[PDB]
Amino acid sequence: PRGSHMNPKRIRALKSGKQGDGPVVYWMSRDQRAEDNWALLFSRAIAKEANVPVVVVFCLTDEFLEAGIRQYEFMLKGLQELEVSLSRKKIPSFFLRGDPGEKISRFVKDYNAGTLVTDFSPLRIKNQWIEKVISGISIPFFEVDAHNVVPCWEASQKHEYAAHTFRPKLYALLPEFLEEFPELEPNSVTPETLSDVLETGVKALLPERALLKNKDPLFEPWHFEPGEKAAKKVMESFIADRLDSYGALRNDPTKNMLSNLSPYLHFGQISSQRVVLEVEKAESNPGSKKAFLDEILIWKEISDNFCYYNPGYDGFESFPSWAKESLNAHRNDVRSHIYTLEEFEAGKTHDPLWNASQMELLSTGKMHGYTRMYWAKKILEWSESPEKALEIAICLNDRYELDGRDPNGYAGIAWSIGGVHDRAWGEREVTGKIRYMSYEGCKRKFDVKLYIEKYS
């Protein structure tokens, strides 16, 4: 459908029909940004061909009640900035509240929409809304992958066992799908308050806030400023200051050597394709570039592949057969310690290192990448059953991580607990053949005491 700098493989049709004479509506869910957004560019290209304006619709659901204020304020503040950025391009944004299956369908009929476009997400709840919208609309419905450099349905048609099988498939498609973004052209034709939604949401989540002994909040909101503009600043500082020594110090939690882009990446406030574009052009350590590109291209987009082809990505069934047989055999093994969800959540275990990892999660909303493996693996070792460990790790990850409720989180937890995208290791009690990590192993790789002292 038209376009020169426009790869049609990024867009697929969800529902055919006659294109109405109304504006093209971009249903924005995952990629909350105005720049480097294929879904917004496709909505603008379609609207240009039909001489109609383009509008953006965001639907606020009740899913914010399952998370904390840290995620709600981070997303809402970025949406207010996004509202001004879209208005400067004469693109109006409508914020609806309620069920997307009921509000999007009612919006299309009331606004006399002609074409519906949405971004892609492999999560289960996103597909449920899409099937409901299809049953309530009669206009064409398109889906755009604006989150991955290579479209998730294009990179692989099946669940990928390991990276070394998915790695050649991704890099072989990079010369085609890695490209600069065209500028978002403003509109020619022009035709709820977010401040009120922010206040109403905060008062709803206030009783569930994570508090200290003196009733002081644990979350520190000054570490990550939300927004499309602030995401660009973080990307620039990583390339200039941190990309060089990323390869050597990425597994040292005592050193702030990560990109810190996951909160913006999860909410779509910055495009991973843009970051890869800037990283590829940077003249930095070749080993560091390969290590970072492997994370933001292979492991990030294999997480989408995992969730897209495994609808039970958050369940014990999604684990590989060897891992399920191993974990089932050790269900009766006596655990050295048993902790409940409340004790895990408050950092009340015998391991100071694990407690320090949980403290970083509660206070900053972003636990270090290396400690997230030790954090999740120890949960498996000190829980009743593999089902309980999976439930507890997912519950804490989605509640307190700014990047939680993400395909990376479910793939990351499945890797740590079920060995997904991993292999078998030495046989052990309780954990079976799943990859093992120990406190002593952390002591030889980084200064464990410094990490503990930083977070009590």
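All residue numbers are counted from 1 along the displayed sequence.
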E192 preceded by how many uncoordinated deposited residues after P191
4 to 9
Between 154-162 and 233-241 (mean CA B-factor, as deposited), the higher:
154-162
Read off the CA B-factors in the entry, average them over 48-56 and over 417-425, and name the higher stretch.
48-56
Among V276, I137, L173, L261, where is the Cα B factor highest in this entry?
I137
Just the C-alpha B-factor column, please: which of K215, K366, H223, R250 has the biggest number?
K215
Using the temperature factors of the C-alpha atoms in this entry, rank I91 within its chain: lowest, middle or highest third.
highest
Pull the Cα B-factor of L265 out of the PDB entry and bin it into the chain's lowest, middle or highest third.
lowest
Select lowest, middle or highest to describe the third in which the CA B-factor of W129 falls within its chain in this entry.
middle
Divide the modelled residues of the chain into thirds by Cα B-factor and specify which third, lowest, middle or highest, holds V108.
highest
Considering every modelled residue of the chain and its Cα B-factor in the PDB entry, is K289 in the lowest, middle or highest third?
lowest
